[PDB]
Amino acid sequence: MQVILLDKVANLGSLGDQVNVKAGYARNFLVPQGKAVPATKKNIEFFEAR
Amino acid sequence: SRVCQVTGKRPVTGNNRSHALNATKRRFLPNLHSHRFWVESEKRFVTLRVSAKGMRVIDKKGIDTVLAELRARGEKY
RNA sequence: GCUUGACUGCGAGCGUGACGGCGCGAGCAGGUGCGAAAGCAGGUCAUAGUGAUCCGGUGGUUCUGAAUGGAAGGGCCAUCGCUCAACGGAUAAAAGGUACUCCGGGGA
RNA sequence: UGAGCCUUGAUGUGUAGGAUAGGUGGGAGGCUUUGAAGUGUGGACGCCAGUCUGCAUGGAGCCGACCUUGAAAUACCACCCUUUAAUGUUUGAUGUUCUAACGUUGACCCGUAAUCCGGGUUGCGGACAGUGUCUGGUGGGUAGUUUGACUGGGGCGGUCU
RNA sequence: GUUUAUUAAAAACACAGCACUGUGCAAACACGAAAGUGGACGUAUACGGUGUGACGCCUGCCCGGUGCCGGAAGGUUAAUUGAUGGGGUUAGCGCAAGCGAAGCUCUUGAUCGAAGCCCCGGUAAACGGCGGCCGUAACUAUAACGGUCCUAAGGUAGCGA
RNA sequence: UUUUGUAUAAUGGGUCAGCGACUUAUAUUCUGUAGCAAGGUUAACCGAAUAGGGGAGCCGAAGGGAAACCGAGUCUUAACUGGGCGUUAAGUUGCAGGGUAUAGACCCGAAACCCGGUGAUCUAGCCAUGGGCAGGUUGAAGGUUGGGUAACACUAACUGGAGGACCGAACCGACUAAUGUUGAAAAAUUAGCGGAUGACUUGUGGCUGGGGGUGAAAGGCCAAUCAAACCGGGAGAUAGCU
RNA sequence: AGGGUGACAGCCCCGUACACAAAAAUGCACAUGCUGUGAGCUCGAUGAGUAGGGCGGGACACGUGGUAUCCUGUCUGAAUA
RNA sequence: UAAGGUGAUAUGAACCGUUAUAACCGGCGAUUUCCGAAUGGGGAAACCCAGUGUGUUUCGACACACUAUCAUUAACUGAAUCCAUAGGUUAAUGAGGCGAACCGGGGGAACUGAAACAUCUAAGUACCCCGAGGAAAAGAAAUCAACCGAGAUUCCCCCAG
């Protein structure tokens, strides 16, 4: 899915961009425990100025 | 029970239909799995018996939105 | 020797079956073959060589076409697939045991 | 490692022939002194015919209907094909490793003087196992049934049109 | 000892022993939609199933058939993937006969595709099988023996008139 | 009553009295009858409620044809001398009756299937807690001593009390025979018989429930029943049978 | 109307037709008051794991048939007057 | 309302009352032991066994009152793990059970019909379970109609076998 990375993620690393990823690696690693955020058009607009 | 907590899918009945169309009673069992969820508002492992489709509903709505819906219609977790 | 009448749409009237069916049929309408012609030919000397219906396959026919124009499907016509042999065919699909026997009727 | 895909370069001996001609198009000038023909080597293709090219020698040209050929240009520009090579994207196969899903009828902590269960820590596995839907094989374990009629009684034999 | 309460107390059933197979523990198996229990608070000198039935001498031959256990190239083969081809519909082109773009829809199903089966090898204290035809020894009978029968192989030991 | 056929020794009835079997609804056809007539007639409902109002709709005078369509004609065929079917005969609505269809459909009767419940106070197996087994014999392992052996082995005494051990009561069974067979008893009595310190027996309480339980395996047991218990419901199951 | 009174009752008796009566509780109507719910106008907004699709079923008279529509256990998945 | 009256089998005995406190009928109340949702714990239903607070001109022993579970809300507290949560206590409100049909939803056969029987029919009927009301359910169009329209749902008669 189109989650946006935040921290120093390894290869497929974006440092903040919309990239494609499987759902099993999105949840429970990139969603909670962090280093990413969902893209439901409320989070990405509030984190646009970050 | 095998009722899904998010969607509400209950096991319904069906029929075996072979080549000779002989009817035999059976049931439709959902694909339920006990999956553990970390929430951000309460900061707690929230375990839920969800379906394979009910996990996908959490992926769109969010884990905080589903727990607000479980509070409204009366179920507990 | 020469040809395709083993032809198409019909048929007064009659035989034969409970019925479904089956069998004979001059003559007429259209178009052919043989014979010079009168005429004959709607398979074979006759009587056996067979299978209803349902569901479909194929070809033809504007007949129907769920708002309209089409189409799918169906009907008509042509035609194919059943040793349904228990052959007027109960299903697309079916073998044994009962001195453990149990009911209903008649019998030594 | 099998495959697509995106650019970049090789790559093409029916036959005459200046010579290992990819097909159609635009097309008589493009390029070279920001150093070219034409020789001499290495790497390298191969039906060892010949060609590509780094470097170096060389220091000012190759090219065009050129006459030939069924079809004329590494003069150049475009869509690229056949074959083949490298990097790179992408989809699967095989195999190794790891943790975050998940399993724990391992230890330990708390609710809790509690062999259940739940929360928490830790250890060993680990995307297997297991489960749901779909599907092939197996399956009297079980369930519903079929298993014909005439007939010197019935069965055997035999018959049914 | 046990059993057909209420026709059959036995030759039956059970029995210790023996043998085979399953099972590494969250065991196999069984009851249960599941949880869980039993198996077991046991651990291959143990447990579950089958078979024979103290003990003594012993338990031969045949793996084709039917099961089981493997092995594995080829052949066929479900779900899934939907390549090509055909048909319907029509913007438009065609005085019309007809053809036909994209889009959508229908039909056909090239390819991917595991077990099972075909195939190969073991397993008889697994299920089973252990034959016909002739010739031949005394009084007869029998066949040590001598051929054929390609069904996988033809009754050994012990006995029985 | 059943039959080709009965006094038949075919079936049924002890008698009397009471009760007991061709109905009802909705459809359609025929006949009788009544009203109206090329028309007849309403259903629901309104209602001053058997009136009146309501003509939605059904049936009939027109059929042929698969249908489009054509029409007193039409279809089949290229077209019919024709042929097939029709045209030149009054139906419709009430009532009563004879039939059929669907409902239990003239009545009585199965053996059985399924669902929902009830029972292990009888019996089969088990779990926990207790009790019972008179009496009399046979004399194992072991212990001690002696003989014997190079020494063991081995043997002779006493001690010892092992046994799905023997005989035999209680108890637990039920093999033979007799009485009994509308019995005293819906399996018993008398006299013989088997086990009787164990794979025993027994009191009390609990557990296992029907397509299941349990079974030292008979298809036995599971409330005097068991090739699928009991009771209620589907149920007035069905019967081409008496 | 009906029943009873020693046999069959309009006039014997209880009633019937008719005409009235509620301290207290309560049903239903309008009338009024209070606590709350909330008019109307204009400007928006238009219900996403949803419609639809594959497989497997069920329900509409309609049994997969050329089979629409509706429901969904599984797998996916839009458009925005 | 009243001169009669103390339910009946059922008399008898003993009284009450006659002009408003006999009896009878109606409305509003009081009393309401024990069991049964039974709710202080248990239980072989009509019984057994307690705890807390409060009361004794006899402060021994009794009497009055309260104490089930669950849902929701509020307050006070409160682990592993520091904050937090789980968990614990108290208080207010409400639910539990019974009952004949109708209704909605979740499960759901077989006898039988097809002259047998498997698709089918019987039939979403019987039964079982949950929930609600005096009705429930349904209900203001992503519905029918066909170029004319109608304008939610439910029920009756036709359409129509």
# chains A, B, ... in the order shown; residues from 1 in each chain; ligands from 1

call {"tool": "select_by_dssp", "arguments": {"residues": "chain B", "states": "strand (DSSP E or B)", "output": "MDAnalysis selection string"}}
result
chainID B and resid 12:17 23:28 32:38 45:51

call {"tool": "closest_atom_pairs", "arguments": {"of": "chain B", "to": "chain A", "cutoff": "12 Å", "atoms": "only C-alpha atoms", "output": "JSON lines"}}
result
{"residue": "B:35", "atom": "CA", "partner": "A:28", "partner_atom": "CA", "distance": 10.6}
{"residue": "B:36", "atom": "CA", "partner": "A:28", "partner_atom": "CA", "distance": 9.2}
{"residue": "B:37", "atom": "CA", "partner": "A:28", "partner_atom": "CA", "distance": 8.0}
{"residue": "B:38", "atom": "CA", "partner": "A:32", "partner_atom": "CA", "distance": 6.2}
{"residue": "B:39", "atom": "CA", "partner": "A:32", "partner_atom": "CA", "distance": 7.6}
{"residue": "B:40", "atom": "CA", "partner": "A:32", "partner_atom": "CA", "distance": 7.9}
{"residue": "B:41", "atom": "CA", "partner": "A:32", "partner_atom": "CA", "distance": 11.7}
{"residue": "B:43", "atom": "CA", "partner": "A:32", "partner_atom": "CA", "distance": 10.0}
{"residue": "B:44", "atom": "CA", "partner": "A:32", "partner_atom": "CA", "distance": 10.9}
{"residue": "B:45", "atom": "CA", "partner": "A:32", "partner_atom": "CA", "distance": 10.4}
{"residue": "B:55", "atom": "CA", "partner": "A:27", "partner_atom": "CA", "distance": 10.6}
{"residue": "B:56", "atom": "CA", "partner": "A:23", "partner_atom": "CA", "distance": 9.6}
{"residue": "B:58", "atom": "CA", "partner": "A:27", "partner_atom": "CA", "distance": 10.5}
{"residue": "B:59", "atom": "CA", "partner": "A:27", "partner_atom": "CA", "distance": 8.5}
{"residue": "B:60", "atom": "CA", "partner": "A:40", "partner_atom": "CA", "distance": 8.0}
{"residue": "B:61", "atom": "CA", "partner": "A:40", "partner_atom": "CA", "distance": 8.8}
{"residue": "B:62", "atom": "CA", "partner": "A:38", "partner_atom": "CA", "distance": 9.0}
{"residue": "B:63", "atom": "CA", "partner": "A:32", "partner_atom": "CA", "distance": 10.7}

call {"tool": "write_last_selection", "arguments": {"atoms": "N, CA, C and O atoms", "output": "compact mmCIF listing (two decimals), in the first residue's frame"}}
result
# COMPACT_ATOMS: atom_id res chain seq x y z
N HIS B 35 -5.79 -12.05 15.82
CA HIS B 35 -4.69 -11.18 15.46
C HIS B 35 -4.56 -10.07 16.50
O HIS B 35 -5.55 -9.48 16.92
N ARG B 36 -3.32 -9.80 16.91
CA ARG B 36 -3.03 -8.84 17.96
C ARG B 36 -2.75 -7.47 17.33
O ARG B 36 -1.99 -7.38 16.36
N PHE B 37 -3.36 -6.43 17.88
CA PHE B 37 -3.23 -5.07 17.36
C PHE B 37 -2.73 -4.13 18.45
O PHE B 37 -3.25 -4.13 19.57
N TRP B 38 -1.72 -3.33 18.12
CA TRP B 38 -1.27 -2.23 18.97
C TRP B 38 -2.03 -0.97 18.55
O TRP B 38 -2.07 -0.62 17.37
N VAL B 39 -2.64 -0.30 19.52
CA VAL B 39 -3.35 0.95 19.28
C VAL B 39 -2.45 2.12 19.66
O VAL B 39 -1.50 1.96 20.44
N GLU B 40 -2.74 3.29 19.10
CA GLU B 40 -1.95 4.48 19.41
C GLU B 40 -2.62 5.35 20.46
O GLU B 40 -1.94 6.04 21.22
N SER B 41 -3.96 5.32 20.52
CA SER B 41 -4.67 6.16 21.48
C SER B 41 -4.56 5.60 22.90
O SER B 41 -4.35 6.35 23.86
N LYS B 43 -2.49 2.77 23.65
CA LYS B 43 -1.15 2.17 23.78
C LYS B 43 -1.20 0.79 24.45
O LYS B 43 -0.59 0.56 25.50
N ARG B 44 -1.95 -0.13 23.84
CA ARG B 44 -2.18 -1.44 24.42
C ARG B 44 -2.38 -2.46 23.31
O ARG B 44 -3.03 -2.16 22.30
N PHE B 45 -1.80 -3.65 23.49
CA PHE B 45 -2.13 -4.79 22.64
C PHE B 45 -3.60 -5.14 22.77
O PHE B 45 -4.06 -5.59 23.83
N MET B 55 -10.01 -7.99 8.84
CA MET B 55 -8.68 -7.40 8.95
C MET B 55 -8.48 -6.33 7.88
O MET B 55 -7.79 -5.33 8.13
N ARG B 56 -9.09 -6.50 6.71
CA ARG B 56 -8.97 -5.52 5.64
C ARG B 56 -9.79 -4.27 5.93
O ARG B 56 -9.44 -3.18 5.47
N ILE B 58 -10.04 -2.99 8.94
CA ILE B 58 -9.16 -2.24 9.83
C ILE B 58 -8.09 -1.50 9.03
O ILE B 58 -7.65 -0.41 9.41
N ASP B 59 -7.69 -2.06 7.88
CA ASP B 59 -6.66 -1.44 7.05
C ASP B 59 -7.16 -0.15 6.40
O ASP B 59 -6.38 0.77 6.12
N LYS B 60 -8.47 -0.07 6.14
CA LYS B 60 -9.03 1.15 5.57
C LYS B 60 -9.49 2.12 6.64
O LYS B 60 -9.14 3.31 6.62
N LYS B 61 -10.29 1.64 7.60
CA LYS B 61 -10.87 2.54 8.60
C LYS B 61 -9.86 2.95 9.66
O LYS B 61 -9.87 4.10 10.12
N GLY B 62 -8.99 2.04 10.07
CA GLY B 62 -8.11 2.30 11.19
C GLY B 62 -8.55 1.56 12.44
O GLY B 62 -9.73 1.27 12.64
N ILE B 63 -7.57 1.23 13.29
CA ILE B 63 -7.88 0.49 14.51
C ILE B 63 -8.60 1.36 15.53
O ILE B 63 -9.35 0.85 16.36

call {"tool": "atom_distance", "arguments": {"atom1": "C1' of residue 220 in chain F", "atom2": "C1' of residue 98 in chain C"}}
result
19.1 Å

call {"tool": "residues_around", "arguments": {"residues": "residue 17 in chain A", "least_positions_apart": "4", "cutoff": "10 Å", "atoms": "only C-alpha atoms (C1' of nucleotides)", "output": "list in words"}}
result
residues 2, 3, 4, 5, 6 and 13 of chain A

call {"tool": "residues_around", "arguments": {"residues": "range 24-29 of chain F", "least_positions_apart": "6", "cutoff": "10 Å", "atoms": "only C-alpha atoms (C1' of nucleotides)", "output": "ChimeraX atom specification"}}
result
/F:99-103,105

call {"tool": "atom_distance", "arguments": {"atom1": "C1' of residue 115 in chain F", "atom2": "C1' of residue 32 in chain E"}}
result
22.6 Å

call {"tool": "closest_residue", "arguments": {"among": "B:26, B:53, B:73, B:17", "to": "chain E", "atoms": "only C-alpha atoms (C1' of nucleotides)"}}
result
B:26

call {"tool": "closest_atom_pairs", "arguments": {"of": "chain C", "to": "chain B", "cutoff": "12 Å", "atoms": "only C-alpha atoms (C1' of nucleotides)", "output": "tab-separated table"}}
result
residue	atom	partner	partner_atom	distance
C:91	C1'	B:20	CA	11.3
C:92	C1'	B:20	CA	8.5
C:93	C1'	B:20	CA	8.0

call {"tool": "interface_residues", "arguments": {"of": "chain B", "to": "chain E", "cutoff": "12 Å", "atoms": "only C-alpha atoms (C1' of nucleotides)", "output": "PyMOL selection string"}}
result
chain B and resi 1-2+11+26-27+29

call {"tool": "write_last_selection", "arguments": {"atoms": "N, CA, C and O atoms", "output": "CSV table (one decimal), in the first residue's frame"}}
result
chain,number,residue,atom,x,y,z
B,1,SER,N,-17.9,-18.4,20.6
B,1,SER,CA,-18.6,-18.4,19.3
B,1,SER,C,-17.7,-18.0,18.2
B,1,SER,O,-16.6,-17.5,18.4
B,2,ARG,N,-18.1,-18.4,17.0
B,2,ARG,CA,-17.3,-18.0,15.8
B,2,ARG,C,-17.9,-16.8,15.1
B,2,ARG,O,-17.9,-16.8,13.8
B,11,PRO,N,-21.8,-17.8,10.8
B,11,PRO,CA,-21.8,-19.0,10.0
B,11,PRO,C,-23.2,-19.3,9.5
B,11,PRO,O,-24.1,-19.6,10.3
B,26,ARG,N,-24.7,-28.5,4.9
B,26,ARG,CA,-23.4,-28.1,5.4
B,26,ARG,C,-23.5,-26.7,5.8
B,26,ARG,O,-24.6,-26.1,5.7
B,27,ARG,N,-22.4,-26.1,6.2
B,27,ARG,CA,-22.3,-24.7,6.7
B,27,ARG,C,-21.1,-24.0,6.1
B,27,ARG,O,-20.1,-24.6,5.7
B,29,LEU,N,-18.2,-21.7,7.0
B,29,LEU,CA,-17.4,-21.2,8.1
B,29,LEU,C,-16.5,-20.1,7.7
B,29,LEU,O,-15.8,-20.2,6.7

call {"tool": "select_by_dssp", "arguments": {"residues": "chain B", "states": "helix (DSSP H, G or I)", "output": "PyMOL selection string"}}
result
chain B and resi 52-61+63-73

call {"tool": "closest_residue", "arguments": {"among": "H:113, H:106, H:53, H:139", "to": "chain B", "atoms": "only C-alpha atoms (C1' of nucleotides)"}}
result
H:106
